[PDB]
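2 protein chains.
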Amino acid sequence: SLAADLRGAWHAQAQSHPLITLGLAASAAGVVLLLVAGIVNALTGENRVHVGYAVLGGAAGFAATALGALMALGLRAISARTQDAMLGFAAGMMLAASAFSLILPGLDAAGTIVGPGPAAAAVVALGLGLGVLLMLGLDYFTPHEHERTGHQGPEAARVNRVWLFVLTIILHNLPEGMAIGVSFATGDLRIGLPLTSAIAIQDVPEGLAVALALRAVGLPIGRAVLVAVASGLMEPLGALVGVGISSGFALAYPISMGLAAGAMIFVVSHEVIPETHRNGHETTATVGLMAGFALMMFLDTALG
Amino acid sequence: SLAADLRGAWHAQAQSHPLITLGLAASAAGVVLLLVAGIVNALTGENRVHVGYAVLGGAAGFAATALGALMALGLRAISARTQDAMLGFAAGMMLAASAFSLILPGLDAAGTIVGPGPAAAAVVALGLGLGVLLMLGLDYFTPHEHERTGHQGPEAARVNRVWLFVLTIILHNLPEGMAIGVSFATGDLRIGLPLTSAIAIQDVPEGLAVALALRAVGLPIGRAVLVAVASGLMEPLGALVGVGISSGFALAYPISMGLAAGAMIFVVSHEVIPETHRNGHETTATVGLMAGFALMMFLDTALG
Ligand SMILES: [Cd+2]
Ligand SMILES: [Cd+2]
Ligand SMILES: [Cd+2]
Ligand SMILES: [Cd+2]
Ligand SMILES: [Cd+2]
Ligand SMILES: [Cd+2]
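If you're matching them up, the sequences are chains A and B in order.
Each residue of the first sequence is one higher than the one before, starting from 6 at the first, in the entry's author numbering.
Each residue of the second sequence is one higher than the one before, starting from 6 at the first, in the entry's author numbering.
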């Protein structure tokens with residue numbers, strides 16, 4: 006029934022976007038090979054403390070999202086300027102954290118492994134390509150809807166709008182957990198603490214906005230917060246996947262440092278810059294973006 | 006006549022946006038003080054070779070823009086997907102160049118001067134605030150128009166649309182020259198070469214697009230290229246202003262490294278992300294953005 010209609014929608018979408026389908030296939034192959042290597046290494050070696058660090062970071066992110074959701078029981082449908090400012094701040098946090106904490110350490114580590122020069126750029130750019138292809142294929146092959154743009158993805162008029170919004174949230178929050186797990190891969194707390202702090206700080210307002218939007222869809226007051234907390238609960242799964250793919254051979258650490266980063270950057274544009282830069286809302290979004298950029302800069306230079 | 010109407014428009018705009026007016030006043034005061042200090046130092050000390058480097062970099066940028074403009078005599082009104090891809094590539098180049106080449110060296114230099122920790126973040130964040138306030142006040146107090154969004158700024162129905170488009174180009178291209186001049190302030194070719202190469206590479210497609218748009222406004226075929234070359238000629242003035250403000254006392258070097266950077270980041274959003282992320286054009290813009298990000302990464306890790 007539903008499977009048949011979804012399969013037909015997938016086939017019709019594949020007939021229209023071949024390049025994206027090939028990109029998704031290649032990226033999925035790369036990711037599954039990386040995860041197999043990580044599982045093999047986890048079976049042979051002993052890197053359990055890194056798993057502990059990753060799960061604790063995911064738990065912190067989940068707590069931040071849950072707190073942001075619980076903040077929505079008193080605000081009662083905040084205005085649009087505040088929403089634009091908060092989402093711009095979150096986008097700036099994500100962008101700056103990605104750039105600094107997932108390009109500079111990756112370049113240094115890759116230069117250590119292979120030799121300084123263009124080779125480190127090559128490996129981390131391969132990571133960026135993998136991440137972008139994965140996220141693009143996912144957001145074109147997943148039936149979601151955004152709050153303002155509309156219904157994005159394959160057509161399926163057999164599921165309620167709540168599930169489409171939840172899928173949008175899932176797409177946003179997978180790369181964050183992935184990035185946390187990637188960061189704690191090599192120990193070296195000097196990366197994981199800044200990255201995790203930035204992720205939690207930007208997931209507070211995002212969780213609040215998600216709770217408000219899910220209320221707007223129709224869930225009365227008590228089920229929006231539950232779904233926001235559920236997405237927060239999703240984040241540790243991304244943390245586990247990231248720590249799985251970052252282990253294995255040594256060169257798999259720089260590559261992941263790019264992959265997640267690329268995904269994060271991608272999601273921002275393709276999911277966050279629309280709905281924040283739409284129809285004369287650029288000023289507040291830009292101001293929030295710069296404020297988040299500065300705050301992440303402080304965190305980077307201070308926390309480690 | 007025209008001065009009276011423009012003055013009335015400015016007063017009406019000031020009655021509506023007080024915070025932006027105060028921000029522009031503070032930023033202008035800071036910039037003029039920095040420039041006075043730079044002029045005094047130039048009169049007392051001997052930093053002429055840095056002026057030579059800055060003017061040569063501005064000349065290279067002007068040549069790149071002129072070549073991009075001359076490329077428009079054969080393309081003859083390229084499609085919209087190509088325009089979105091090129092502008093996304095340019096935005097990615099600007100963003101990545103800003104972030105890396107104007108935050109990391111600035112943080113290192115500030116930490117050298119004042120001490121590692123949050124103090125370097127404080128000084129470069131002051132720079133970011135100054136730059137953002139300057140650019141915001143300018144784009145709200147300047148009668149320009151963007152290609153698609155419409156007529157942005159104070160009302161003045163007494164000048165042709167060509168001048169409004171030229172003013173938009175001027176607003177885009179001032180921070181680029183400023184950044185070049187800031188980069189070559191302390192010698193140390195390891196920054197200026199990557200920053201200048203990125204600026205020239207992203208100003209080729211921008212010059213081509215400007216030539217096409219000015220043709221679309223109505224200039225037949227032979228005057229659009231002239232105006233694009235004129236904006237390229239503008240860029241060295243920004244280079245001179247940047248080298249002027251970056252000289253002076255030592256702590257004026259990190260601050261500028263933030264200022265220009267902030268301005269650059271600002272302009273991207275508030276001027277480039279709209280017109281590239283509008284009405285189902287996100288995919289090509291994002292792909293171009295990631296390609297430009299990777300190319301700037303290569304340039305950073307290789308050229309110096
Ligand atoms: Cd989407
Ligand atoms: Cd999240
Ligand atoms: Cd986020
Ligand atoms: Cd503007
Ligand atoms: Cd330019
Ligand atoms: Cd540019």
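Every residue, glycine too, gets a C-beta built ideally from N, C-alpha and C.
For residue j and residue i, believed in contact at Cβ under 8 Å, the rounded distance
i, j, result
"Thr191/A", "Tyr258/A", "6 Å"
"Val171/A", "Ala69/A", "At roughly 19 Å, the Cβ-Cβ gap does not stay under 8 Å, so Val171/A and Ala69/A are not in contact."
"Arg195/B", "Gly309/B", "4 Å"
"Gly267/A", "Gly136/A", "3 Å"
"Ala8/A", "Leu138/A", "Not a contact, Cβ separation roughly 26 Å."
"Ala203/B", "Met301/B", "5 Å"
"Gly97/B", "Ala296/B", "7 Å"
"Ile118/A", "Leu256/A", "6 Å"
Inter-residue Cα distance where the pair is residue i and residue j
i, j, result
"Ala115/B", "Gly35/B", "19 Å"
"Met99/A", "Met140/A", "16 Å"
"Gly50/A", "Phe254/A", "11 Å"
"residue 2/A", "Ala235/A", "Because chain A here runs from 6 to 309, residue 2/A falls outside it and cannot be looked at."
"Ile108/B", "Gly293/B", "23 Å"
"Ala130/A", "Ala265/A", "12 Å"
"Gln18/B", "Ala71/A", "42 Å"
"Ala47/A", "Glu287/A", "47 Å"
"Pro180/B", "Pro199/B", "16 Å"
"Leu213/B", "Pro123/B", "42 Å"
"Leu78/B", "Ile260/A", "43 Å"
"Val273/A", "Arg53/B", "43 Å"
"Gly62/B", "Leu80/A", "52 Å"
"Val56/A", "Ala126/A", "28 Å"
"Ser6/A", "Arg163/A", "10 Å"
"residue 4/B", "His282/A", "With chain B covering 6 to 309 only, the question about residue 4/B has no answer from this structure."
"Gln207/B", "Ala184/A", "30 Å"
"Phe146/B", "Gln20/B", "12 Å"
"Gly197/A", "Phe94/A", "21 Å"
"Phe105/A", "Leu169/A", "32 Å"
"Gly142/B", "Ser84/B", "34 Å"
"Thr26/A", "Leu39/A", "20 Å"
"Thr291/B", "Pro121/A", "29 Å"
"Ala33/B", "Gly285/A", "26 Å"
"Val45/A", "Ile226/A", "46 Å"
"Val41/A", "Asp193/A", "24 Å"
"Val37/B", "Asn165/A", "58 Å"
"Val128/A", "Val128/B", "34 Å"
Own chain partners of residue i with C-beta closer than 8 Å, once the 5 adjacent residues on each side are dropped
i, result
"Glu276/A", "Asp144, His151, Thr173, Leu176 and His177"
"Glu280/B", "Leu92, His151, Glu152, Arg153 and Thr154"
"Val167/B", "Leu219, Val222, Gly223, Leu224 and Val232"
"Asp10/A", "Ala161 and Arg163"
Which residues DSSP lists as bridging residue i, in chain order
i, result
"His149/A", "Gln157/A"
Own chain residues within Cβ distance below 7 Å of residue i, not counting five before or after
i, result
"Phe67/A", "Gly237, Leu238, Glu240 and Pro241"
"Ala65/B", "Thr201 and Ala205"
"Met76/B", "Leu213"
"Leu304/B", "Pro199, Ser202 and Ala203"
"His22/A", "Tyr145"
"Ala216/B", "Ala74, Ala77, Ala229, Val230 and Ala233"
"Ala82/A", "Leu217"
"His149/B", "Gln157, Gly158, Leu169, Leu172, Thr173 and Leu176"
Cβ shell of residue i (< 6 Å), same chain only, five flanking positions each side left out
i, result
"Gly43/B", "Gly249, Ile250, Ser252 and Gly253"
"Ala218/A", "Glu152"
"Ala59/A", "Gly186, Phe189, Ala244 and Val248"
"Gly223/A", "none"
"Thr289/A", "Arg86, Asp89 and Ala90"
"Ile270/B", "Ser103"
"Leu133/A", "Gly263 and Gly267"
"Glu211/A", "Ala95"
"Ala101/A", "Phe298 and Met301"
Check: residue i C-beta below 7 Å from any heavy atom of ligand 8
i, result
"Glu211/B", "Of the ligands this structure carries, namely ligand 1, ligand 2, ligand 3, ligand 4, ligand 5 and ligand 6, none is ligand 8."
message = Taking 8 Å as the cut-off, does the region 225-244 of chain A touch the region 112-126 of chain A (at least 3 CB pairs, one atom from each stretch)?
response = no
ask   = Just checking, does the region 9-21 of chain A make contact with the region 153-167 of chain A on the three C-beta pairs under 8 Å criterion?
value = yes
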